[PDB]
$ cat final-v3.cif   # mmCIF, C-alpha atoms and all ligand atoms
data_upload
loop_
_atom_site.label_atom_id
_atom_site.label_comp_id
_atom_site.auth_asym_id
_atom_site.auth_seq_id
_atom_site.Cartn_x
_atom_site.Cartn_y
_atom_site.Cartn_z
CA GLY W 3 9.80 1.60 13.70
CA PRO W 4 7.96 1.57 10.32
CA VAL W 5 4.49 0.06 9.87
CA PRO W 6 4.38 -3.26 7.90
CA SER W 7 2.85 -3.46 4.42
CA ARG W 8 1.63 -6.27 2.15
CA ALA W 9 0.64 -6.40 -1.52
CA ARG W 10 -3.10 -6.04 -2.20
CA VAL W 11 -2.80 -8.79 -4.83
CA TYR W 12 -0.66 -11.85 -5.59
CA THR W 13 0.42 -11.64 -1.95
CA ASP W 14 1.20 -15.29 -1.17
CA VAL W 15 1.80 -16.62 -4.70
CA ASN W 16 5.41 -17.64 -3.99
CA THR W 17 4.51 -19.26 -0.65
CA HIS W 18 2.14 -21.66 -2.47
CA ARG W 19 4.82 -22.71 -4.98
CA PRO W 20 7.69 -25.22 -4.42
CA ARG W 21 10.71 -23.82 -2.56
CA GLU W 22 12.89 -24.17 -5.67
CA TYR W 23 10.66 -21.76 -7.63
CA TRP W 24 11.91 -18.75 -5.65
CA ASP W 25 14.93 -20.13 -3.75
CA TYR W 26 17.26 -19.23 -6.62
CA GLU W 27 20.48 -19.62 -4.60
CA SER W 28 19.98 -23.40 -4.89
CA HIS W 29 19.46 -23.19 -8.68
CA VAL W 30 22.09 -25.24 -10.52
CA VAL W 31 22.98 -23.65 -13.87
CA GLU W 32 23.78 -25.77 -16.94
CA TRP W 33 26.22 -24.07 -19.30
CA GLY W 34 25.66 -24.65 -23.03
CA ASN W 35 28.41 -24.52 -25.67
CA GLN W 36 29.71 -20.98 -26.37
CA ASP W 37 31.04 -22.11 -29.79
CA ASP W 38 27.42 -22.34 -31.01
CA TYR W 39 27.25 -18.53 -31.19
CA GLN W 40 29.39 -16.10 -33.18
CA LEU W 41 29.26 -12.40 -32.33
CA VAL W 42 28.31 -10.07 -35.20
CA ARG W 43 28.34 -6.58 -33.65
CA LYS W 44 27.82 -4.69 -30.38
CA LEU W 45 24.26 -3.44 -29.80
CA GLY W 46 24.74 -1.71 -26.43
CA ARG W 47 26.90 -1.21 -23.33
CA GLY W 48 25.85 -0.82 -19.68
CA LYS W 49 27.19 -0.96 -16.12
CA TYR W 50 26.65 -4.69 -15.52
CA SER W 51 26.57 -6.14 -19.06
CA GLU W 52 27.31 -5.74 -22.76
CA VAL W 53 24.92 -6.83 -25.52
CA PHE W 54 25.86 -8.19 -28.96
CA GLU W 55 23.97 -9.34 -32.02
CA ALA W 56 25.08 -12.91 -32.71
CA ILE W 57 24.41 -15.75 -35.13
CA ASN W 58 23.72 -19.33 -34.01
CA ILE W 59 25.86 -21.45 -36.35
CA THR W 60 23.72 -24.55 -35.59
CA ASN W 61 20.47 -23.30 -37.17
CA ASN W 62 21.57 -19.90 -38.57
CA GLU W 63 19.08 -18.19 -36.23
CA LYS W 64 19.73 -14.55 -35.33
CA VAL W 65 20.22 -14.05 -31.61
CA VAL W 66 21.38 -11.60 -28.92
CA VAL W 67 24.14 -12.46 -26.42
CA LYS W 68 24.31 -10.51 -23.13
CA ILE W 69 27.81 -10.93 -21.69
CA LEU W 70 27.59 -10.28 -17.94
CA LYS W 71 30.23 -8.16 -16.23
CA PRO W 72 31.27 -9.39 -12.72
CA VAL W 73 28.21 -9.57 -10.46
CA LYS W 74 27.55 -11.75 -7.39
CA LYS W 75 26.74 -15.29 -8.59
CA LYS W 76 23.57 -14.96 -6.48
CA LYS W 77 22.22 -12.21 -8.76
CA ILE W 78 23.04 -14.19 -11.93
CA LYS W 79 21.25 -17.26 -10.57
CA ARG W 80 18.40 -14.85 -9.75
CA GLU W 81 18.12 -13.26 -13.22
CA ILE W 82 18.28 -16.72 -14.83
CA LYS W 83 15.65 -18.27 -12.55
CA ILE W 84 13.24 -15.37 -13.10
CA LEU W 85 13.70 -15.54 -16.89
CA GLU W 86 13.01 -19.30 -16.89
CA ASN W 87 9.96 -18.86 -14.64
CA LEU W 88 8.51 -16.13 -16.90
CA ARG W 89 9.54 -17.78 -20.20
CA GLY W 90 6.53 -18.09 -22.54
CA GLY W 91 4.63 -15.32 -20.73
CA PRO W 92 3.07 -12.38 -22.66
CA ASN W 93 5.59 -9.80 -23.92
CA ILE W 94 8.38 -11.34 -21.81
CA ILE W 95 11.79 -11.68 -23.46
CA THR W 96 12.68 -15.32 -24.10
CA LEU W 97 15.93 -16.67 -22.64
CA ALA W 98 17.26 -19.13 -25.21
CA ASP W 99 20.53 -20.37 -23.71
CA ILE W 100 23.31 -19.76 -21.16
CA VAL W 101 26.99 -20.03 -22.13
CA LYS W 102 30.48 -18.92 -21.07
CA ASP W 103 34.02 -18.24 -22.34
CA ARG W 107 35.37 -17.59 -18.08
CA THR W 108 32.70 -14.87 -18.20
CA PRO W 109 28.94 -15.84 -18.18
CA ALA W 110 26.59 -14.82 -21.00
CA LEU W 111 22.82 -15.00 -21.54
CA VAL W 112 21.44 -15.73 -25.03
CA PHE W 113 18.10 -14.11 -25.91
CA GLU W 114 15.68 -13.98 -28.85
CA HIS W 115 16.40 -11.24 -31.39
CA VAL W 116 13.95 -8.32 -31.49
CA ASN W 117 13.93 -5.40 -33.93
CA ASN W 118 13.80 -2.17 -31.91
CA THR W 119 12.91 1.36 -32.99
CA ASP W 120 15.04 3.99 -31.24
CA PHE W 121 12.77 5.21 -28.43
CA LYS W 122 14.29 8.68 -28.89
CA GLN W 123 13.09 8.65 -32.52
CA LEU W 124 9.92 6.64 -31.77
CA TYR W 125 8.32 8.55 -28.86
CA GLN W 126 8.03 11.65 -31.07
CA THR W 127 5.94 9.74 -33.65
CA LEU W 128 3.49 7.72 -31.51
CA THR W 129 -0.22 8.47 -31.98
CA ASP W 130 -2.72 8.56 -29.11
CA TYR W 131 -3.78 5.02 -30.06
CA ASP W 132 -0.20 3.70 -30.24
CA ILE W 133 0.50 4.80 -26.65
CA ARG W 134 -2.72 3.16 -25.42
CA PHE W 135 -1.84 0.01 -27.38
CA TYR W 136 1.75 -0.36 -26.16
CA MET W 137 0.75 0.63 -22.61
CA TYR W 138 -1.77 -2.22 -22.73
CA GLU W 139 1.00 -4.55 -23.94
CA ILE W 140 3.29 -3.49 -21.07
CA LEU W 141 0.47 -4.13 -18.56
CA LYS W 142 0.09 -7.71 -19.86
CA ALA W 143 3.77 -8.31 -19.02
CA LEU W 144 3.52 -6.59 -15.62
CA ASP W 145 0.30 -8.35 -14.61
CA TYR W 146 1.85 -11.66 -15.69
CA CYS W 147 5.13 -11.33 -13.76
CA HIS W 148 3.28 -9.95 -10.71
CA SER W 149 0.99 -13.01 -10.88
CA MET W 150 4.12 -15.19 -11.04
CA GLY W 151 5.31 -13.44 -7.87
CA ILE W 152 7.99 -11.26 -9.47
CA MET W 153 8.80 -7.53 -9.32
CA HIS W 154 10.71 -6.02 -12.26
CA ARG W 155 12.00 -2.97 -10.33
CA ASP W 156 13.50 -1.35 -13.45
CA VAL W 157 10.57 -0.39 -15.69
CA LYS W 158 11.71 2.41 -18.00
CA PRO W 159 11.75 3.24 -21.76
CA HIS W 160 15.06 1.41 -22.31
CA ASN W 161 13.73 -1.90 -20.98
CA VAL W 162 10.63 -1.77 -23.25
CA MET W 163 11.60 -2.91 -26.75
CA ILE W 164 9.09 -2.12 -29.50
CA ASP W 165 9.05 -3.57 -33.01
CA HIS W 166 6.74 -0.93 -34.48
CA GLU W 167 6.39 -2.54 -37.93
CA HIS W 168 5.01 -5.73 -36.29
CA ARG W 169 3.25 -4.00 -33.35
CA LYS W 170 5.27 -6.28 -31.05
CA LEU W 171 6.72 -5.39 -27.63
CA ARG W 172 9.07 -7.18 -25.21
CA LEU W 173 9.97 -6.33 -21.60
CA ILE W 174 13.70 -6.92 -21.15
CA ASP W 175 16.50 -6.85 -18.57
CA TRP W 176 15.34 -8.73 -15.48
CA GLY W 177 18.69 -8.21 -13.72
CA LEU W 178 17.11 -6.13 -10.93
CA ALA W 179 13.91 -8.21 -10.66
CA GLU W 180 13.08 -9.93 -7.34
CA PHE W 181 10.51 -12.37 -5.95
CA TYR W 182 7.80 -10.83 -3.77
CA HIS W 183 7.53 -12.29 -0.27
CA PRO W 184 5.12 -10.85 2.37
CA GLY W 185 7.11 -9.15 5.13
CA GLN W 186 10.43 -8.94 3.26
CA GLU W 187 12.43 -5.71 3.36
CA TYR W 188 14.11 -5.06 0.01
CA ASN W 189 17.00 -2.93 -1.25
CA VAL W 190 15.77 0.57 -2.15
CA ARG W 191 18.84 1.25 -4.33
CA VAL W 192 17.04 -0.01 -7.46
CA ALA W 193 15.58 1.39 -10.71
CA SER W 194 16.70 4.45 -12.67
CA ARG W 195 16.41 7.69 -10.70
CA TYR W 196 13.59 9.23 -12.75
CA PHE W 197 11.46 6.08 -12.30
CA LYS W 198 12.13 5.55 -8.57
CA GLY W 199 8.92 5.25 -6.55
CA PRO W 200 8.48 7.42 -3.39
CA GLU W 201 8.91 4.26 -1.29
CA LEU W 202 12.51 4.07 -2.56
CA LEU W 203 13.19 7.78 -2.08
CA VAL W 204 12.01 7.83 1.57
CA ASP W 205 13.65 4.43 2.25
CA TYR W 206 10.59 2.28 2.91
CA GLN W 207 11.90 -1.23 2.31
CA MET W 208 8.69 -3.30 2.56
CA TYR W 209 7.54 -2.45 -0.97
CA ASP W 210 5.95 -4.72 -3.59
CA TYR W 211 4.69 -5.11 -7.18
CA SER W 212 3.10 -1.65 -6.99
CA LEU W 213 6.59 -0.15 -7.37
CA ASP W 214 6.42 -1.08 -11.07
CA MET W 215 3.09 0.74 -11.46
CA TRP W 216 4.65 4.03 -10.31
CA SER W 217 7.43 3.55 -12.89
CA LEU W 218 4.83 2.86 -15.59
CA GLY W 219 3.17 6.12 -14.52
CA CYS W 220 6.43 8.00 -15.12
CA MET W 221 6.62 6.40 -18.58
CA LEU W 222 3.02 7.32 -19.44
CA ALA W 223 3.51 10.89 -18.23
CA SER W 224 6.55 11.39 -20.48
CA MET W 225 4.75 9.88 -23.48
CA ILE W 226 1.52 11.90 -23.32
CA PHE W 227 3.13 15.16 -22.14
CA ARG W 228 6.24 14.75 -24.35
CA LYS W 229 8.74 15.30 -21.52
CA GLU W 230 11.46 12.65 -21.16
CA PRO W 231 11.95 12.30 -18.27
CA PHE W 232 8.89 13.73 -16.51
CA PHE W 233 10.29 13.92 -12.96
CA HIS W 234 13.78 15.26 -13.64
CA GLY W 235 15.67 15.22 -10.33
CA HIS W 236 19.38 16.06 -9.96
CA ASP W 237 19.75 13.45 -7.19
CA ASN W 238 17.66 11.05 -5.07
CA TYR W 239 16.67 13.82 -2.63
CA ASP W 240 15.79 16.30 -5.39
CA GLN W 241 13.88 13.57 -7.26
CA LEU W 242 11.29 13.53 -4.46
CA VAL W 243 11.10 17.34 -4.52
CA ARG W 244 10.25 17.24 -8.25
CA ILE W 245 7.47 14.78 -7.37
CA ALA W 246 6.38 16.88 -4.38
CA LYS W 247 6.11 19.94 -6.64
CA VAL W 248 3.52 18.05 -8.76
CA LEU W 249 1.72 15.68 -6.36
CA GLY W 250 1.95 18.22 -3.51
CA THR W 251 3.45 17.79 -0.03
CA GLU W 252 0.20 17.28 1.90
CA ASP W 253 -0.17 13.72 0.57
CA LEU W 254 3.56 13.02 0.99
CA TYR W 255 3.51 13.67 4.76
CA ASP W 256 0.28 11.66 5.17
CA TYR W 257 2.17 8.76 3.57
CA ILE W 258 5.04 9.28 6.05
CA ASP W 259 2.67 9.38 9.05
CA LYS W 260 0.59 6.39 7.91
CA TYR W 261 3.64 4.11 7.64
CA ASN W 262 5.53 5.94 10.41
CA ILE W 263 8.52 6.49 8.13
CA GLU W 264 11.74 7.89 9.63
CA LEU W 265 12.34 10.67 7.10
CA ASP W 266 15.93 11.73 6.39
CA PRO W 267 16.69 15.08 8.16
CA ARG W 268 18.02 16.41 4.82
CA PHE W 269 14.47 16.29 3.37
CA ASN W 270 13.17 18.40 6.29
CA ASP W 271 15.06 21.38 4.80
CA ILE W 272 14.39 21.07 1.07
CA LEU W 273 10.89 19.56 0.66
CA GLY W 274 9.01 22.59 2.03
CA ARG W 275 5.29 23.12 1.37
CA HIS W 276 3.95 22.51 -2.15
CA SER W 277 0.39 22.24 -3.46
CA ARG W 278 -0.86 19.38 -5.64
CA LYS W 279 -1.01 20.60 -9.25
CA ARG W 280 -3.66 19.94 -11.89
CA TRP W 281 -2.43 18.02 -14.94
CA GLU W 282 -3.54 20.82 -17.32
CA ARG W 283 -0.27 22.59 -16.37
CA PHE W 284 1.71 20.15 -18.53
CA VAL W 285 -0.61 20.41 -21.56
CA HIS W 286 0.56 22.44 -24.58
CA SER W 287 -0.03 22.66 -28.35
CA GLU W 288 2.59 19.97 -29.06
CA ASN W 289 1.22 17.35 -26.65
CA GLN W 290 -2.49 18.29 -26.89
CA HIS W 291 -3.39 15.41 -29.21
CA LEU W 292 -2.11 12.74 -26.78
CA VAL W 293 -3.79 14.12 -23.64
CA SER W 294 -7.41 13.20 -22.93
CA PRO W 295 -9.65 13.17 -19.79
CA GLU W 296 -9.21 9.37 -19.72
CA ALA W 297 -5.40 9.53 -19.89
CA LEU W 298 -5.31 11.99 -16.98
CA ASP W 299 -7.65 9.83 -14.88
CA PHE W 300 -5.49 6.78 -15.60
CA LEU W 301 -2.19 8.58 -14.92
CA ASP W 302 -3.52 10.10 -11.67
CA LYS W 303 -4.44 6.65 -10.30
CA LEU W 304 -0.92 5.35 -11.09
CA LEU W 305 1.12 8.19 -9.59
CA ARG W 306 0.35 7.96 -5.85
CA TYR W 307 2.71 8.17 -2.86
CA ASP W 308 0.86 5.39 -1.04
CA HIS W 309 1.80 2.24 -2.94
CA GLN W 310 -1.29 0.41 -1.62
CA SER W 311 -3.54 3.00 -3.31
CA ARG W 312 -2.05 2.66 -6.82
CA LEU W 313 -3.78 0.65 -9.54
CA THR W 314 -2.85 -2.97 -10.06
CA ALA W 315 -1.95 -4.02 -13.60
CA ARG W 316 -5.28 -5.85 -14.02
CA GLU W 317 -7.21 -2.84 -12.67
CA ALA W 318 -5.17 -0.61 -15.01
CA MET W 319 -6.11 -2.83 -17.97
CA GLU W 320 -9.83 -2.41 -17.20
CA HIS W 321 -9.57 1.41 -17.28
CA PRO W 322 -11.60 3.35 -19.95
CA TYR W 323 -8.28 4.53 -21.46
CA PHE W 324 -7.98 1.06 -23.04
CA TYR W 325 -11.59 0.54 -24.22
CA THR W 326 -10.70 1.10 -27.89
CA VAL W 327 -7.73 -1.30 -27.63
CA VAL W 328 -9.70 -4.06 -25.87
CA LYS W 329 -12.43 -3.93 -28.55
CA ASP W 330 -9.88 -4.24 -31.38
CA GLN W 331 -8.66 -7.56 -29.93
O1 LIG O 1 19.04 -7.71 -20.87
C1 LIG O 1 18.11 -8.18 -21.50
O2 LIG O 1 17.12 -8.84 -20.95
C2 LIG O 1 18.01 -8.03 -22.98
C3 LIG O 1 17.30 -8.95 -23.74
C4 LIG O 1 17.23 -8.81 -25.10
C5 LIG O 1 17.87 -7.75 -25.78
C6 LIG O 1 18.59 -6.82 -25.00
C7 LIG O 1 18.64 -6.98 -23.60
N1 LIG O 1 19.23 -5.74 -25.55
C8 LIG O 1 19.19 -5.54 -26.87
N2 LIG O 1 19.79 -4.41 -27.41
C9 LIG O 1 20.45 -3.39 -26.61
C10 LIG O 1 19.57 -2.17 -26.47
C11 LIG O 1 18.21 -2.30 -26.21
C12 LIG O 1 17.38 -1.19 -26.19
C13 LIG O 1 17.90 0.07 -26.42
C14 LIG O 1 19.25 0.21 -26.65
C15 LIG O 1 20.08 -0.89 -26.68
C16 LIG O 1 18.50 -6.45 -27.76
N3 LIG O 1 18.46 -6.19 -29.10
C17 LIG O 1 17.75 -7.05 -29.82
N4 LIG O 1 17.09 -8.13 -29.40
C18 LIG O 1 17.14 -8.37 -28.10
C19 LIG O 1 17.84 -7.56 -27.19
#

$ encode --input "final-v3.cif" --output "structure tokens"
Amino acid sequence: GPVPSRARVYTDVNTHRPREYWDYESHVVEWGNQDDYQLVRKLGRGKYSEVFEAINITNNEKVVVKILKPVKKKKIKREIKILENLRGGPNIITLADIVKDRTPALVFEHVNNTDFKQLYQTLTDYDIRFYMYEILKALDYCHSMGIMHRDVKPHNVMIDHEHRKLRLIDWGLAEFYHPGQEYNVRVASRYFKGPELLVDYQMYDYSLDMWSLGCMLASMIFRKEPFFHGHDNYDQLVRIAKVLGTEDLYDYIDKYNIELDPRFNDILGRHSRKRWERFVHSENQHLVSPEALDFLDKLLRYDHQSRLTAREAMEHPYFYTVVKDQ
């Protein structure tokens, strides 16, 4: 069978807290009055929810209402408990209320958001460093509170550029870390899936988010959204293998004694690890620096234990200018 793994950091945080902190199944939910909010317009549609701009007729505060489509009550309780636990934390979206009418809905703070299609073509080298630092604050915080996001991607990072403000949203896939627990690998968007997910290693941890952040950084500095552009879950790993090389991939398999799908045996093949200069061009030259490449390299690793933590990431030279300015 596979070899066990544990997080390098924040390993036993949830064990040291009261049961009710993480035992979300036993969370009783108190439904506020749905008549307090009037829906203005639809902001977005997804698989599991719809999102609307709304007004709160009590205090005329602008608000966002996320009407949940049918999901197991367990996962609603989970998203709510995580949001309440993380409420007040740096760059974490604030859950304001919970209502229904008998479909459940989550009420959130309103945030102005620049279209990340229109925005990621206009970011300076500094802006990327800045917002990356802001994301790391959120990731380090939730990791320290014993929580994996498991869906870090451009969509779930809302940026108010005018106010240099950033919020990490959509904690519907987030889970509590527990040492020894085997998790569902069918999580995250395909382009941001860590190798642990793609090879079906279930005993993963916070470090999963750091891989996803690496995919985000890669796309930003190299101007390729997405960076690893797989046609399916199998091909996704091939795209990675064509960059990170296959030597390290198989060492990862051997180390953790992972039972690799026989399908992969055919299509992975033998690929060398590529230098990052390959993805540098005239257009993306101004965003790429020796620091950025060092930082990115230490994020994007097969072995999840060998990736940077969020706090380690924050101490990297990449962010020296940003740290000084605050
Ligand atoms: O699920 C959540 O945790 C959550 C929390 C807050 C918001 C949200 C989702 N979605 C918003 N808008 C839809 C959207 C967001 C980004 C790109 C495209 C569409 C939104 N808008 C303004 N203020 C807040 C939010």

$ residues_near_ligand --input "final-v3.cif" --ligand "ligand LIG 1 (chain O)" --cutoff "8 Å" --atoms "only C-alpha atoms and all ligand atoms" --output "PyMOL selection string"
chain W and resi 45-47+51+53-55+65-68+95-97+113-118+120-121+160-163+173-177

$ residues_around --input "final-v3.cif" --residues "residue 250 (chain W)" --least-positions-apart "2" --cutoff "7 Å" --atoms "only C-alpha atoms" --output "ChimeraX atom specification"
/W:246-248,252-253,276-279

$ atom_distance --input "final-v3.cif" --atom1 "CA of residue 219 (chain W)" --atom2 "CA of residue 179 (chain W)"
18.3 Å

$ residues_around --input "final-v3.cif" --residues "residue 270 (chain W)" --least-positions-apart "6" --cutoff "12 Å" --atoms "all atoms listed in the file" --output "number ranges by chain"
W: 204, 239, 242-243, 251, 255, 264

$ atom_distance --input "final-v3.cif" --atom1 "CA of residue 230 (chain W)" --atom2 "CA of residue 318 (chain W)"
22.1 Å

$ residues_near_point --input "final-v3.cif" --point "(21.4, -23.7, -12.4)" --cutoff "10 Å" --atoms "only C-alpha atoms" --output "list in words"
residues 26, 27, 28, 29, 30, 31, 32, 33, 78, 79, 80, 82, 83 and 100 of chain W

$ atom_distance --input "final-v3.cif" --atom1 "CA of residue 282 (chain W)" --atom2 "CA of residue 134 (chain W)"
19.4 Å

$ residues_around --input "final-v3.cif" --residues "residue 313 (chain W)" --least-positions-apart "2" --cutoff "12 Å" --atoms "only C-alpha atoms" --output "number ranges by chain"
W: 9-11, 141, 144-145, 211-216, 218-219, 299-311, 315-321

$ closest_residue --input "final-v3.cif" --among "W:191, W:81, W:244, W:172" --to "residue 231 (chain W)" --atoms "all atoms listed in the file"
W:244

$ residues_around --input "final-v3.cif" --residues "residue 192 (chain W)" --least-positions-apart "6" --cutoff "10 Å" --atoms "only C-alpha atoms" --output "PyMOL selection string"
chain W and resi 154-156+178-179+198-199+202

$ axis_aligned_box --input "final-v3.cif" --around "region 264-279 of chain W" --padding-each-side "3 Å" --output "AutoDock Vina command-line options"
--center_x 8.5 --center_y 15.5 --center_z 0.2 --size_x 25.0 --size_y 21.2 --size_z 24.9

$ closest_atom_pairs --input "final-v3.cif" --of "region 60-164 of chain W" --to "region 37-44 of chain W" --cutoff "12 Å" --atoms "only C-alpha atoms" --output "Markdown table"
| residue | atom | partner | partner_atom | distance |
| --- | --- | --- | --- | --- |
| W:60 | CA | W:38 | CA | 6.3 |
| W:61 | CA | W:38 | CA | 9.3 |
| W:62 | CA | W:39 | CA | 9.4 |
| W:63 | CA | W:39 | CA | 9.6 |
| W:64 | CA | W:39 | CA | 9.5 |
| W:65 | CA | W:39 | CA | 8.3 |
| W:66 | CA | W:41 | CA | 8.6 |
| W:67 | CA | W:41 | CA | 7.8 |
| W:68 | CA | W:44 | CA | 9.9 |
| W:69 | CA | W:44 | CA | 10.7 |
| W:98 | CA | W:39 | CA | 11.7 |
| W:99 | CA | W:39 | CA | 10.2 |
| W:100 | CA | W:39 | CA | 10.8 |
| W:101 | CA | W:37 | CA | 8.9 |
| W:102 | CA | W:37 | CA | 9.3 |
| W:103 | CA | W:37 | CA | 8.9 |
| W:110 | CA | W:39 | CA | 10.9 |
| W:111 | CA | W:39 | CA | 11.2 |
| W:112 | CA | W:39 | CA | 8.9 |
| W:113 | CA | W:39 | CA | 11.5 |

$ residues_around --input "final-v3.cif" --residues "region 284-289 of chain W" --least-positions-apart "5" --cutoff "9 Å" --atoms "only C-alpha atoms" --output "PyMOL selection string"
chain W and resi 225-228

$ closest_residue --input "final-v3.cif" --among "W:25, W:240, W:296, W:132" --to "residue 84 (chain W)" --atoms "all atoms listed in the file"
W:25
